[PDB]
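Written out below as structure tokens is the structure these notes cover.
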Amino acid sequence: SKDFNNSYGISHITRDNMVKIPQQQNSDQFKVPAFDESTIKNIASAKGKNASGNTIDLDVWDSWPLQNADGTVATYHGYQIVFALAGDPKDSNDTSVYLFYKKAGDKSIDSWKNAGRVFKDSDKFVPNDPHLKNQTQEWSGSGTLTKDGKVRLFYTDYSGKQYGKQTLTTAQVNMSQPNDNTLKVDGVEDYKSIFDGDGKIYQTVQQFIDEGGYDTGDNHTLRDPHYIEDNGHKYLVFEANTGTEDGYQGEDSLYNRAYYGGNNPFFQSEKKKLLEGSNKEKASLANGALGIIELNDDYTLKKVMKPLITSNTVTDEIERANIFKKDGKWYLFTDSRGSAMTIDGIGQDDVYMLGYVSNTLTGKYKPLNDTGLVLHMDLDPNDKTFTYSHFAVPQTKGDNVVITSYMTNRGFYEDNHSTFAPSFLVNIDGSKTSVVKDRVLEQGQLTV
Ligand SMILES: [Ca+2]
């Protein structure tokens, strides 16, 4: 019949595992800690110029630490460095990467100084590049401190003028120290596009356009590159969508048992409901992937590899790709909105961090805590302490990782801007994780 089973030699976030989440999630093992509203502060140094040219308080969103190759937080001339997306709370979609820094031993949110934007408006036009001149927004990525002691940034070139084209991009951020307590962004170099999709392994924006994606509610992604090394190889792991040959979007995907898991009765009942219902198109178009590419030593593309995992039928959006090695195993994380999901009992207000584990970098990834659930945040977006973009930072010692996230902080009274959420701890033990009891850290804390 139309029924089939193709894994495409890759792992999958299955419907069977997702449907189990609603009855599992209501536990302090997974719940994002409740945060103390009275102590929440804006990032004091998060000031910049608005579109008019007046200095304002910025909203600060997605952030990532400068990391060592293994994912631990780097120390740069005695400083911890955090790259963050920021912009004017009112002027629509305008994100730029800012560089924040803090003396390694300082703890308070007030200790985070602002070195300003990584890029000048003019920077994108300098290199001879296929894509950069078309950039309208700077989206998320990662930062690594190289062997040579260079600050190497990876981020997403978003082009709103090119149908939302997304390109994995790199630059070396040149730094100096004007005095004992200041870091300065001097400028950028080796600023170049790396990858924008191939069509067979990862969806391109052209495929998105050609299929009439803006009319069907399709969501094209090629973003959030996370730098990692393994056995002398350099990689980016990123958010994407499947291409034509590794389980493409469309109605056929609803007949693929690989995306369902469970037994035949589960597959048959779930499939029938999908085909009948108002989620048919949404599920059909859902082909999120966590992709991987290998880089050369100069950070150009070496090899486009098959995805680590996909969320076919489940969601088109698996965000903030994250991966690191712990206790000889590889842990893979991604954030996912309930609103973009097609799962019974998962709703608009549900936000997740999902996690998977493998014995090897490109091996089979199995769900943490049986289902893949690691974190559950379901506070209403209107709540002051709503958090988003949860990201696990591995630590030099111990079994705990630090969870960072941003807190939108839009209360009726001050403080009033998107800020660093209080960080917290998650214990990792084999294929099991748990939120650490009563250990809420400072806003934007990276290390314990
Ligand atoms: Ca899609």
Side-chain angles (χ1 to χ4, degrees), residues 10-15 17-18 21 61-62 85 93 95 137 139-141 155-156 158 160 163-168 196-197 202-205 207-208 211 213-214 216-226 237-243 246-250 253-254 259 274 279-292 307-323 332-344 346-356 365 367 372-378 381 386-391 405-406 408:
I10 64 197
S11 297
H12 305 283
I13 299 169
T14 65
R15 299 196 66 87
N17 283 327
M18 295 299 98
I21 286 181
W61 305 292
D62 304 34
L85 303 191
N93 40 47
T95 59
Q137 285 190 60
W139 283 4
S140 299
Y155 81 103
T156 310
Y158 176 79
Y163 313 94
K165 191 179 290 170
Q166 288 153 66
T167 305
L168 305 182
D196 73 337
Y202 306 106
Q203 189 194 47
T204 62
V205 75
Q207 289 170 320
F208 165 82
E211 213 72 63
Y214 269 118
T216 59
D218 195 31
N219 188 7
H220 170 73
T221 70
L222 204 314
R223 60 169 181 259
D224 303 358
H226 185 85
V237 173
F238 54 98
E239 172 180 10
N241 299 92
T242 58
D246 55 358
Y248 199 46
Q249 64 191 33
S253 73
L254 305 186
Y259 307 138
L274 243 24
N279 272 334
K280 172 163 70 82
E281 186 186 55
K282 191 178 179 183
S284 295
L285 292 176
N287 69 330
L290 299 183
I292 184 165
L308 297 182
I309 199 159
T310 87
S311 58
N312 282 264
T313 85
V314 174
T315 182
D316 226 2
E317 272 212 331
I318 38 183
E319 311 167 35
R320 294 297 310 266
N322 189 23
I323 183 161
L332 178 65
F333 301 96
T334 182
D335 298 327
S336 195
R337 290 185 283 120
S339 62
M341 291 171 77
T342 59
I343 302 299
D344 293 344
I346 293 179
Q348 275 182 306
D349 63 0
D350 296 302
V351 178
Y352 302 99
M353 190 176 79
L354 307 173
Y356 305 85
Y365 280 88
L373 177 65
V374 180
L375 296 177
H376 177 231
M377 202 289 307
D378 70 355
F386 174 94
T387 52
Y388 202 75
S389 210
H390 305 88
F391 182 84
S405 61
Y406 71 84
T408 46

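Each residue takes its place number in the sequence, starting with 1. Worth knowing before you read on, the calculation uses all heavy atoms, side chains too, and leaves out hydrogens, waters and symmetry mates.
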>> One pair to check against side chain to side chain contact (heavy atoms under 4.5 Å, CB included): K280 and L274. What are the steps and the verdict?
In response: CA-CA 5 Å; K280 172 163 70 82; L274 243 24; 5.9 Å; no
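- Side-chain N or O atoms of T242 include one that pairs as donor or acceptor with a backbone N or O of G247 at under 3.5 Å.
- Within the 4.5 Å cutoff, no side-chain heavy atoms of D196 are placed close to those of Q166.
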>> With side-chain hydrogen bond (donor to acceptor under 3.5 Å, both in side chains) as the criterion, how do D218 and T216 come out once you've worked through the C-alpha distance, each side chain's angles and the decisive distance to 0.1 Å?
In response: CA-CA 6 Å; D218 195 31; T216 59; 5.4 Å; no
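- Nearest approach of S11 to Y365, heavy atoms of both residues: OG-N, 2.8 Å.
- Looking at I13 and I318, their side chains come closer than 4.5 Å, going by heavy atoms from C-beta outward.
- Between the side chain of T95 and the main chain of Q137, no donor-acceptor pair closer than 3.5 Å is present.
- The backbone N or O of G243 lies less than 3.5 Å from a partner atom in the side chain of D246, making a donor-acceptor pair.
- Here the side chain of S405 pairs no donor or acceptor atom with the backbone of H390 at under 3.5 angstrom.
- Counting only heavy atoms from C-beta outward, the side chains of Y214 and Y163 approach each other to under 4.5 Å.
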>> With side chain to side chain contact (heavy atoms under 4.5 Å, CB included) as the criterion, how do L354 and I21 come out once you've worked through the C-alpha distance, each side chain's angles and the decisive distance to 0.1 Å?
In response: CA-CA 11 Å; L354 307 173; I21 286 181; 4.0 Å; yes
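- In this structure the side chain of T334 never reaches within 4.5 angstrom of the side chain of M353, judged on heavy atoms.
- Side chain of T204 to backbone of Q207: a donor-acceptor contact under 3.5 angstrom is found.
- Considering all non-hydrogen atoms of both residues, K282 and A340 come closest at CE-O, 3.5 Å.
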>> Assess the residue pair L373 and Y352 against the criterion (side chain to side chain contact (heavy atoms under 4.5 Å, CB included)); give the C-alpha distance rounded to whole Å, side-chain angles, the decisive distance to 0.1 Å, and a yes or no.
In response: CA-CA 7 Å; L373 177 65; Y352 302 99; 3.6 Å; yes
>> For a side-chain hydrogen bond (donor to acceptor under 3.5 Å, both in side chains) check, start with the C-alpha distance between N312 and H12, then their side-chain angles and the critical distance, and finish with the verdict.
In response: CA-CA 8 Å; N312 282 264; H12 305 283; 4.6 Å; no
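- Heavy atoms only, all atoms of each residue included: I292 and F238 are closest at N-CE2, 3.5 Å.
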>> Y406 vs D62, test: side chain to side chain contact (heavy atoms under 4.5 Å, CB included). Steps then yes/no.
In response: CA-CA 6 Å; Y406 71 84; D62 304 34; 3.2 Å; yes
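- Summarising the local packing, CD of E211 is surrounded by 12 or fewer heavy atoms from other residues, nucleotides or ligands at distances under 6.0 Å.
- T167 places none of its side-chain heavy atoms less than 4.5 Å from the side chain of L222.
- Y356 and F333 have their aromatic ring centers separated by at least 6.0 angstrom.
- Checking each of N219, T221, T342, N241 against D316 for a side-chain hydrogen bond (donor to acceptor under 3.5 Å, both in side chains) leaves exactly one that passes, namely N241.
- By the 30° and 60° cut-offs, the orientation of the rings of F391 relative to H226 is tilted.
- The pair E317-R337 meets the salt-bridge criterion, with a side-chain N (NZ, NE, NH1 or NH2) lying under 4.0 Å from an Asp/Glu carboxylate O.
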